[PDB]
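Residue numbers (the deposited numbering), protein chains in the order written: chain A, 31 to 1023; chain G, 4 to 43; chain B, 12 to 305. No residue lacks a Cβ here, since even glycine has one placed at the ideal position from N, Cα and C. Let me begin by presenting the structure, written as structure tokens, before commenting on it.
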Amino acid sequence: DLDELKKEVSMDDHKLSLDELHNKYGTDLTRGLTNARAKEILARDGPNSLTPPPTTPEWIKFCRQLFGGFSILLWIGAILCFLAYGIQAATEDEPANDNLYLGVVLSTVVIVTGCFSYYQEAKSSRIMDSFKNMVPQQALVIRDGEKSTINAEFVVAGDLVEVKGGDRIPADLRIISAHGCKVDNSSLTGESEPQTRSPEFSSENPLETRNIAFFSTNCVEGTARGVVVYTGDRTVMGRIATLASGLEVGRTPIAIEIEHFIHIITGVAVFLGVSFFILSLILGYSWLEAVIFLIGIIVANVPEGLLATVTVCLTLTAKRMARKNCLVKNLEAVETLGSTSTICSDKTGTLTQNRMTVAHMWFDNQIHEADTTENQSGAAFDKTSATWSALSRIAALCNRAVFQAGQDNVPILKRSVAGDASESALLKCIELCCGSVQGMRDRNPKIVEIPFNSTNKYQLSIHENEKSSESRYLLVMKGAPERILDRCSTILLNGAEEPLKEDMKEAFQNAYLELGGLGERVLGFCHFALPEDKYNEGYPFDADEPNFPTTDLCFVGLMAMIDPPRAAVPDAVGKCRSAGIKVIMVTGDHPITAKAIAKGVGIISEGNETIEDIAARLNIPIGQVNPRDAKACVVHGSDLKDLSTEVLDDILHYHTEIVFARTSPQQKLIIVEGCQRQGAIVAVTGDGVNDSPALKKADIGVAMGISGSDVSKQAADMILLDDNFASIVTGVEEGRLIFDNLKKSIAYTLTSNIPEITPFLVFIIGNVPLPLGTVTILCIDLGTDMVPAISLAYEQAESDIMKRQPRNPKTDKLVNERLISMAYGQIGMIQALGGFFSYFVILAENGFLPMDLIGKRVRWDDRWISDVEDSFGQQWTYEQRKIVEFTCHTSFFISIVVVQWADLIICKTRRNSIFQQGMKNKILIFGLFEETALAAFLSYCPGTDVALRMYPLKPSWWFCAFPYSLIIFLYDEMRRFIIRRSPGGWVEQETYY
Amino acid sequence: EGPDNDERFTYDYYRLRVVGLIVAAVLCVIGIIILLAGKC
Amino acid sequence: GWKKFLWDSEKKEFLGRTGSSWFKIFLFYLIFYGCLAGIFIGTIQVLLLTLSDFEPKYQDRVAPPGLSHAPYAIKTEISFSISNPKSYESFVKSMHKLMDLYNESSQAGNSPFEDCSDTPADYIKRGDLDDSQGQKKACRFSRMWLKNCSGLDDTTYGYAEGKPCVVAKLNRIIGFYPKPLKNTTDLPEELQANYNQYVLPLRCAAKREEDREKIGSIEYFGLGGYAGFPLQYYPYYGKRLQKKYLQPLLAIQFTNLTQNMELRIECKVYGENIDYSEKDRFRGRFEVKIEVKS
Ligand SMILES: *[C@@H]1O[C@H](CO[C@@H]2O[C@@H](C)[C@@H](O)[C@@H](O)[C@@H]2O)[C@@H](O[C@@H]2O[C@H](CO)[C@@H](O[C@@H]3O[C@H](CO[C@H]4O[C@H](CO)[C@@H](O)[C@H](O)[C@@H]4O)[C@@H](O)[C@H](O[C@H]4O[C@H](CO)[C@@H](O)[C@H](O)[C@@H]4O)[C@@H]3O)[C@H](O)[C@H]2NC(C)=O)[C@H](O)[C@H]1NC(C)=O
Ligand SMILES: CCCCCCCC/C=C\CCCCCCCC(=O)OC[C@H](COP(=O)(O)OCC[N+](C)(C)C)OC(=O)CCCCCCC/C=C\CCCCCCCC
Ligand SMILES: CCCCCCCC/C=C\CCCCCCCC(=O)OC[C@H](COP(=O)(O)OCC[N+](C)(C)C)OC(=O)CCCCCCC/C=C\CCCCCCCC
Ligand SMILES: CCCCCCCC/C=C\CCCCCCCC(=O)OC[C@H](COP(=O)(O)OCC[N+](C)(C)C)OC(=O)CCCCCCC/C=C\CCCCCCCC
Ligand SMILES: CCCCCCCC/C=C\CCCCCCCC(=O)OC[C@H](COP(=O)(O)OCC[N+](C)(C)C)OC(=O)CCCCCCC/C=C\CCCCCCCC
Ligand SMILES: CCCCCCCC/C=C\CCCCCCCC(=O)OC[C@H](COP(=O)(O)OCC[N+](C)(C)C)OC(=O)CCCCCCC/C=C\CCCCCCCC
Ligand SMILES: CCCCCCCC/C=C\CCCCCCCC(=O)OC[C@H](COP(=O)(O)OCC[N+](C)(C)C)OC(=O)CCCCCCC/C=C\CCCCCCCC
Ligand SMILES: CCCCCCCC/C=C\CCCCCCCC(=O)OC[C@H](COP(=O)(O)OCC[N+](C)(C)C)OC(=O)CCCCCCC/C=C\CCCCCCCC
Ligand SMILES: CCCCCCCC/C=C\CCCCCCCC(=O)OC[C@H](COP(=O)(O)OCC[N+](C)(C)C)OC(=O)CCCCCCC/C=C\CCCCCCCC
Ligand SMILES: *[C@@H]1O[C@H](CO)[C@@H](O[C@@H]2O[C@H](CO)[C@@H](O)[C@H](O)[C@H]2NC(C)=O)[C@H](O)[C@H]1NC(C)=O
Ligand SMILES: CC(C)CCC[C@@H](C)[C@H]1CC[C@H]2[C@@H]3CC=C4C[C@@H](O)CC[C@]4(C)[C@H]3CC[C@]12C
Ligand SMILES: CC(C)CCC[C@@H](C)[C@H]1CC[C@H]2[C@@H]3CC=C4C[C@@H](O)CC[C@]4(C)[C@H]3CC[C@]12C
Ligand SMILES: C[C@]12CC/C(=N\OCCN)C[C@@H]1C(=O)C[C@@H]1[C@@H]2CC[C@]2(C)C(=O)CC[C@@H]12
Ligand SMILES: [Mg+2]
Ligand SMILES: [Mg+2]
Ligand SMILES: [Mg+2]
């Protein structure tokens, strides 16, 4: 799978002859191949079917979810716990099982997190499998001089293949004979209108010539013949799909942030461990013990509930997205939208609707605009003049297309119409504001019609007049406005008729250039009442000689048409630009149309100008103007092929409104890479196969759901099942909101670390009884704490999020030193002091004063000293003193919950005050209530002092942590005050997360 | 008091546990009330 | 990166800040932590003002007293060879440490010691738990009372020829009055003979029914010759109100002990305000695993 030979732009053998072609692959132009020869080739190289994707077993991704960056940290933690247990078992008798419990718990945490994340990605895969609807297809091949329809998988290189309007081009053909055949090259090349296929050659670029049919394309109208030049995976879209599959994946921004977070957590963990390992070796302890101390300190500094909390956090924002029809295949792709700063979009199928629609109409020397929006939510065009009625009769009659049988259910715009795209657009507009065309057509019987001619350049026909008072004959004709203008002498103004003096002739010229400059295609409609005296009701006007007056007709008005963009496209583009997101158009369509659509969706703001526009406004050559005075630029693909790396960097560095036109898929990929080389996140939004290499290499791909291709849909990361473009704006908003929330929850789960470690440090340095046990730390990290941290995600915005500039990736991180200074430095310290306070209180009330506790651990732990004197002289057995130590663990845990109340409240808001935002978050309130009920339940339920070792507390103890909590609340309140009044001051660059 | 000062070494932990459970239960209910208050 | 974040020469920064910044952060943390320390200290002083010096507010975790002994057994086992002297040294050393506090030289004068009934007697109340009267007075407990286990005659105390001793002791509790079982028809078998009301009985036996036969004659030594604790040595007024206070002791000689075999001996005290616990094996009773292997 040579990638460089796949990265190269397509080459071909188009510039040849029919004899050279038949001489190179071997084939009869009039008899085709022989069946024996056909099978010899079929078996010689392979069926004309693309290879299947590389199946992914479910155990592989399950093992994937069991690993990663966070789960790996928890894995090493469990390993360390079992190592310390082994050492304690082989070195001392009666080894405590604390470490073995902590290790099996960490392993269970990793396994549960993996099961949940895996289940979600599987859910998305199932709903994703319900979209591949593959109905077999059979082609028409001519062998031994006979026509046969065989499965698409049996076509080989060399046989003759015939196509008909409505069928799909099987393989890559070389047209040999055509009959007004047109094909839809929108998915592969990106051409909105139907390009006519002809046996003759026209352009050096194979994608532009008409003598080549392509894979996955469809023949709109006409029939054609051709020799199969390319077959199977070796086809154009085959090489494109193989290239897409042979591209790397990358590494999202959220993953990098979690990685740097673990980097800091391990830095401070190994620092505290190697340092207290030297201090213990200086205070007397032995090596065997110091090793256990090192492992214990490095494990206590690891957040276990953070993994589950972060997972649930990310999972919550994805449901909100699934409620508005935005599905993500992975789980972290939900945050990439908020961090995006440059959106590369596609035009055909993404920025537009890929459907021709009547845009502007000319009548009564006045331009009228029609509604060109999917759901028909706009302004009518004043249907009260007679002119409009005559226009409706002209277009509705002089038109041969008709809705496809059985569409009585779909809407007027989404139904299937058999015919050209112009007659279809006209039929839809008439059927839209003029009622049923089928009755309008049967109301006037068509007598004789002269089909569109290459010389006449017009389409005309005569029908009877439904006027019950006028039995005359009606003649209507449509065609190019210039040709029709040369055939009139009257004008239907407001109903009456008038001459064609030069005043209206010039008004018609300006109208023609107005509709033309708008990137639209205009047509002219005229009619005339045939005198029943010179052509009675019985005379038959056979289409042979001049039976109708070509000139002296009555011109009624022009009718333009063009493909309109999707409903929420302009608003969404404007919203993205408002958020500081650079919108760059990347499409393979004609620049004359791309520029107009750009000036219509917001990419090229009205007023900005290109170098050619300046040269045209001044009437001077283009090589004289300076390119710095032009904000927007249109880069052509042909020119893009010959450009250096620095030139592209400068193109993106100096032009704010860039539009890449006529760019190949490979060039699209090159553009995405050119955007990444600097340092910004990229989001590519597309629909066809040409977008597959662009959606894959981009930081985040957005594929359309209804109008998208299967390859680009399988290679994208986010799918728009409703094809709504405003969803991009919604996504960029949610991506930010859940970011500020992740910061708040992380500071919350990190603040409790200090009051969970300090006890052991003072235990080794000061020799006091153990203040915080292991089953209590587990009841705080994995229990109570989970609901509040999960609730911190439901927090609303503080200021307008859709107003601030995009976050800088090189400077504004997710976890900075400003957070560590708060959680580990100021709040956690107060919480630890409160815990020690409740501790000393419990031991002072039972008889052990603070002066006699320093220096007792050796005898307080000894299991054979049944006479330990306290500060008053009483003798305490071993189990009696242990019961008190456990009750001290229970109260320490309750103190933690009490201080967590004020921590969850000060963590709710990062800058604003509580009396401003408000406690409208019902989940947080529920978290506090549940957090308290669980602590009371774990202490007061019978049999807990046996199972978990937590004894009941005396009602006067529960109030030892209250002052510390209020103090935490007041300190953070005054903190979040100087930041507001003093913007940019010390409190901001020192404590503002 | 004096010799029969047995009460000086007794504590009614039973009644304390009963009350602490009643309270825990109440707090739990109130919590649920607040949580579902709005979805009806 | 590596080098710059360490020392750049344009902004004259070290580790990130200039000379003046590290000072702002250090000064802030010093003031902050100083306030934290002062607050914690104040909240601890009010606590010192809340407790009393002559009595523990809560005395429920020590209601049923324990029963400890003089030898320090690692797993409540006494195993030693009658030949090798460096085998029972850990025992004699402890025993000695315990009896070394009942030396007569320590107990001398009128203060703060007082001569009490040579025969078991009743309680003695030296007033309330106050400082009005000065340091209360405690009864004297002589070594010699313990006859064959006193280290005054056979320093080793028995361990020298297969006849070890075990000095039992009742855990000291403030304001605790020991109360013995009354003479009514319900009383254990053992306790009937020698019912001196004023004596708290201590009686050892064998854990299993089999071991009875292998344990010989349990000879107890005590005040008055009884196997118990005289009620006159209570109550205990606490260290502050009764420094230089001695708690009664009871010696137990396990004469005629079968050789080369592990014997499980459970000693138990009997009384009203005495209750045992299936979890704490030292509450009221105690277990010893003697094995005189020679
Ligand atoms: C409480 O009483 C303890 C015993 O008191 C003795 O008996 C009472 C009834 C009175 O008569 C009293 O006056 C007696 O002293 C008392 O402990 C005793 O303290 C002395 C002084 O250190 C010890 O004497 C020394 O003995 C060692 C060898 O001891 C051997 O036996 C003991 C067991 O008894 C073993 O533990 C040892 O390991 C040995 O196996 C001598 O080597 C040592 O020599 C020193 O003195 C000589 C002159 O005699 C000098 O030439 C040397 O240079 C040395 O300076 C002493 O002779 C005595 O052993 C010890 N008794 C016991 C049982 O340990 C205790 O201190 C008192 N405590 C309080 C708080 O009042
Ligand atoms: C029994 C007793 C109990 C004991 C309990 C102890 C509990 C432990 C509590 C806290 C642990 C503290 C450990 C250190 C934490 C430092 C945080 C840290 O390393 O965070 C990482 C930051 C990175 O941040 P960023 O990503 O935003 O950078 C972006 C840079 N861009 C954008 C320019 C490229 O790196 C930085 O900050 C740069 C590194 C600065 C390192 C400073 C080291 C100070 C440590 C000790 C000082 C002690 C002196 C005492 C004497 C005072 C004089 C009287
Ligand atoms: C000595 C002991 C020390 C203890 C220290 C720890 C304390 C931590 C616990 C509680 C702290 C409570 C702090 C009180 C803050 C009240 C703030 C407040 O009232 O601000 C008013 C807000 C603002 O409104 P607005 O103008 O934006 O509205 C606009 C409406 N429009 C849009 C229609 C116009 O109004 C709103 O938020 C809407 C109404 C919300 C009402 C909330 C009431 C619930 C409050 C607390 C729950 C209790 C938790 C107890 C935990 C213990 C469990 C056992
Ligand atoms: C929206 C949905 C709402 C759902 C809310 C659900 C809330 C559920 C509320 C209550 C159910 C809790 C479990 C009930 C346990 C009953 C245990 C029991 O009745 O024990 C009685 C006996 C004690 O007898 P004794 O006094 O003679 O013993 C003397 C022992 N001496 C003398 C040797 C010291 O027990 C024994 O003997 C053996 C003790 C066995 C230990 C079992 C305890 C289980 C341990 C951990 C599980 C707790 C996890 C936390 C789950 C939180 C969920 C929110
Ligand atoms: C959504 C909100 C959830 C809230 C729930 C709170 C989360 C809790 C998180 C972590 C706590 C789990 C830690 C497990 C501790 C096991 C302790 C253990 O195994 O100790 C072994 C003890 C032996 O003790 P010893 O040597 O003194 O015996 C001496 C006996 N002699 C002397 C008489 C012979 O044996 C015994 O206690 C025998 C009785 C066995 C008791 C097993 C209790 C298991 C408790 C929890 C496991 C299920 C939790 C799942 C919920 C997850 C929530 C996310
Ligand atoms: C032992 C002592 C006990 C004392 C108890 C005292 C209780 C007092 C009760 C209520 C307090 C008064 C209500 C405050 C209402 C203020 C309304 C208001 O308009 O506020 C606005 C100002 C913020 O203005 P700004 O210019 O920064 O806005 C900048 C906005 N931008 C950024 C868009 C430009 O807000 C602020 O100043 C808020 C700053 C207030 C900080 C004081 C905190 C008081 C401490 C605890 C309160 C008690 C709650 C817990 C109950 C425990 C029960 C045991
Ligand atoms: C049991 C637990 C108890 C805990 C109680 C804790 C109480 C301690 C609270 C605060 C004490 C710390 C005060 C430190 C003062 C020295 C700091 C200093 O040297 O600062 C210098 C700066 C002035 O330099 P600059 O910005 O002009 O230079 C610009 C330079 N460039 C560019 C780097 C920004 O100072 C400034 O900015 C002014 C900022 C001053 C900091 C205000 C923080 C106030 C926080 C809390 C007070 C509320 C206590 C409520 C307790 C109620 C108890 C019931
Ligand atoms: C905005 C957020 C609202 C949040 C509301 C949450 C709802 C709170 C729910 C329940 C709390 C009430 C608890 C009442 C329980 C009393 C039960 C009782 O019988 O308990 C007696 C103990 C005395 O025990 P002992 O050891 O002496 O005897 C032990 C004797 N043995 C053991 C031998 C039997 O006493 C105790 O537990 C004392 C019980 C604690 C006293 C409550 C203190 C309230 C604190 C602040 C609230 C102030 C509100 C001011 C109004 C402002 C309006 C604008
Ligand atoms: C949508 C609306 C939802 C509403 C739901 C409402 C749920 C119902 C709410 C409350 C139910 C209250 C039940 C009260 C039970 C009292 C049991 C009790 O007082 O037992 C105490 C005694 C044990 O005393 P001890 O002498 O061994 O003490 C130790 C003495 N030393 C250690 C010094 C020797 O019990 C014993 O002997 C026998 C114990 C037998 C086992 C009883 C099982 C109780 C366990 C859990 C039930 C509590 C759940 C409450 C809901 C909390 C939600 C988080
Ligand atoms: C101490 O135990 C010994 C047994 O070890 C008792 O003496 C034995 O008595 C039986 C008769 O019942 C004789 O057959 C043995 O020969 C005796 N053995 C020895 C070593 O004397 C002795 O009576 C016990 N003494 C006490 C006071 O319990
Ligand atoms: C919002 C703020 C001010 C509310 C503060 C509520 C505090 C005071 C409440 C929350 C839970 C409560 C405790 C819940 C359970 C018990 C056990 C019971 O046997 C005695 C009361 C006691 C100890 C309560 C005392 C008051 C208490 C601590
Ligand atoms: C709000 C903050 C900054 C106030 C902190 C006040 C500090 C400095 C005060 C509060 C309580 C005070 C203590 C109260 C009691 C005593 C006992 C006395 O025998 C020596 C002084 C000493 C030890 C005091 C030292 C100073 C102290 C700790
Ligand atoms: C350090 C610790 C395990 C880790 C721990 N918390 O882990 C939470 C992870 N965030 C704290 C525990 C303690 O304080 C007690 C520690 C225990 C390891 C085993 C230890 C060191 C012992 O042999 C006795 C004390 C035990
Ligand atoms: Mg497209
Ligand atoms: Mg991707
Ligand atoms: Mg923790």
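Mark residue i as exposed unless 16 or more other C-beta atoms lie within 10 angstroms of its C-beta, in which case mark it buried.
i: G/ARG18; result: exposed
i: B/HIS80; result: buried
i: A/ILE810; result: buried
i: A/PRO84; result: exposed
Quick one: which chain B residues come within Cβ less than 8 Å of residue i?
i: G/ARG11; result: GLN70 and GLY186
Along chain G, which residues have their Cβ under 8 Å away from the Cβ of residue i?
i: B/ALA74; result: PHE12 and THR13
Run down chain A in chain order and give the residues with a C-beta less than 9 Å from the C-beta of residue i.
i: B/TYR83; result: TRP894 and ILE895
Counting only Cβ pairs nearer than 7 Å, list the residues of chain A close to residue i.
i: residue 315 of chain B; result: Residue 315 of chain B cannot be examined here, being either before or after the span of chain B that is shown, 12 to 305.
Could you list which residues in chain G have their beta carbon closer than 9 Å to that of residue i, in chain order?
i: A/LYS36; result: Under the 9 Å cutoff, chain G gives no residues; its nearest Cβ is about 55 Å from A/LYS36.
Tell me whether the stretch 813-826 of chain A and the stretch 953-972 of chain A touch, counting them as touching only if at least three CB pairs, one residue from each stretch, are closer than 8 Å.
yes
Inter-stretch contact (C-beta, 8 Å, three-pair minimum) for the stretch 379-395 of chain A and the stretch 704-711 of chain A: no
*Decide yes or no for the touch test of the stretch 756-773 of chain A against the stretch 878-891 of chain A: beta carbon pairs closer than 8 Å, at least 3 of them.*
no
_Does the contact criterion of 3 or more C-beta pairs under 8 Å hold for the stretch 129-137 of chain B versus the stretch 205-212 of chain B?_
yes
**Prompt:** Are the stretch 557-568 of chain A and the stretch 455-474 of chain A touching, with three or more C-beta to C-beta distances below 8 Å?
**Reply:** no
Quick one, what's near ligand 14 if you take every residue whose CB is closer than 6 Å to any heavy atom, in chain order?
-> A/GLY220, A/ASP376, A/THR378, A/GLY379, A/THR380, A/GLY716, A/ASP717 and A/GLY718
At least 3 beta-carbon pairs within less than 8 Å: the stretch 69-76 of chain B vs the stretch 84-94 of chain B:
no
Query raised in the report: Listed in chain order, which residues are found with a beta carbon closer than 5 Å to a heavy atom of ligand 16?
Result: A/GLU786 and A/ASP811
| field | Ranges of the alpha helix (DSSP H) found wholly within the stretch 713-781 of chain A, counting only runs of at least 4 | value | 722-727, 740-745 and 757-781
Could you name the residues, in chain order, whose CB is less than 6 Å away from a heavy atom belonging to ligand 12? B/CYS46, B/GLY49, B/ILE50, B/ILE52, B/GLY53 and B/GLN56
Alpha helix (DSSP H) runs wholly inside the stretch 838-912 of chain A, at least 4 long, in chain order | 847-852, 858-875, 880-883 and 887-891
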